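Now for the letters of each chain:
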Amino acid sequence: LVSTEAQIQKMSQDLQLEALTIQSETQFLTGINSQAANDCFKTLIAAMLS
Amino acid sequence: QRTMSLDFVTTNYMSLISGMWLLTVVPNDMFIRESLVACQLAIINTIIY
């Protein structure tokens, strides 16, 4: 996979999330890691075959 | 006549503008092709297109 500390650091600059205000762009990064990709790729293929 | 290689980070928009000064001075037949293309493509998708 793309290295998670090298992808989420490029992602967090394009959002330009400010450290002070409650905005709807701090929730763009919740729950992205290596394990959630390997369990969504399986449950898409394995549900289609069944 | 050692063939060089480019080692850069795509999250750094100043090393891509400073990479426009190497390719306009040093001949492009000297950098290795797998590092000349991945730096020329990073300028294309970010600064100029």
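Residues numbered from 1 in each chain as written, not as in the entry; some residues may be left out. Chains lettered and ligands numbered in written order. Part of a larger assembly, values for the part shown. Heavy atoms only, no water.

Method of structure determination, per the deposited record: cryo-EM was used for this entry, reaching 3.4 Å resolution.

Chemist: Just to check I follow, could you spell out the environment of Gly 31 of chain A for this structure?
Modeler: Position of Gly 31 of chain A among the secondary structure elements: in the loop between α1 (4–14) and α2 (34–38). Note: C-alpha distance between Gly 31 of chain A and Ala 47 of chain A (16 residues apart in sequence) is 22 Å. (Helix = DSSP H or I, 4+ residues; strand = E, 2+ residues; numbered from the N terminus.)

Chemist: Explanation requested: a nonpolar patch on the surface in the structure shown.
Modeler: All names here are of chain B. Residues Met 14, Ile 17, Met 20, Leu 41, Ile 44, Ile 47, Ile 48 and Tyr 49 make up a contiguous nonpolar surface patch of about 850 Å² in total accessible area. The set of elements that each furnish at least two residues to the nonpolar patch consists of α1 (13–17) and α3 (33–48). For the nonpolar patch, the element with the highest residue contribution is α3, accounting for 4 residues. Summarising the element assignment, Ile 44 is placed in helix α3. (Patch = residues over 30% accessible without salt bridge, like charges linked within 9 Å, V, L, I, M, F, W, Y side chains within 5 Å. Areas by Shrake-Rupley, 256 points an atom, 1.4 Å probe, with all protein chains shown as cover. Salt bridge = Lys/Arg side-chain N within 4 Å of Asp/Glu carboxyl O.)

Chemist: How do you make sense of the nonpolar core when you look at a structure like this?
Modeler: Nonpolar side chains in soluble globular proteins generally cluster together in the buried interior. The biggest cluster of nonpolar side chains holds 7 residues, and these are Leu 16, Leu 23, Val 26, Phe 31, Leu 36, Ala 42 and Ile 43 of chain B. With near-sequence residues (within four places) excluded, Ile 43 of chain B lies in contact with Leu 16, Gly 19, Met 20, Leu 23 and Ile 48 of chain B. (Core = buried A, V, L, I, M, F, W, Y, C linked by side-chain atoms within 4.5 Å. Buried < 20%, exposed > 50% of the residue type's maximum accessible area, 1.4 Å probe, protein only. Contact = heavy atoms within 4.5 Å.)

Chemist: Looking at this structure, how should I read unusual backbone geometry?
Modeler: Peptide bonds are, in most cases, trans, and in most cases residues other than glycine have a negative phi. The phi angle at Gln 16 of chain A is positive, at roughly 55°, despite the residue not being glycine. When you line up the elements, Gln 16 of chain A lands in the loop between α1 and α2.

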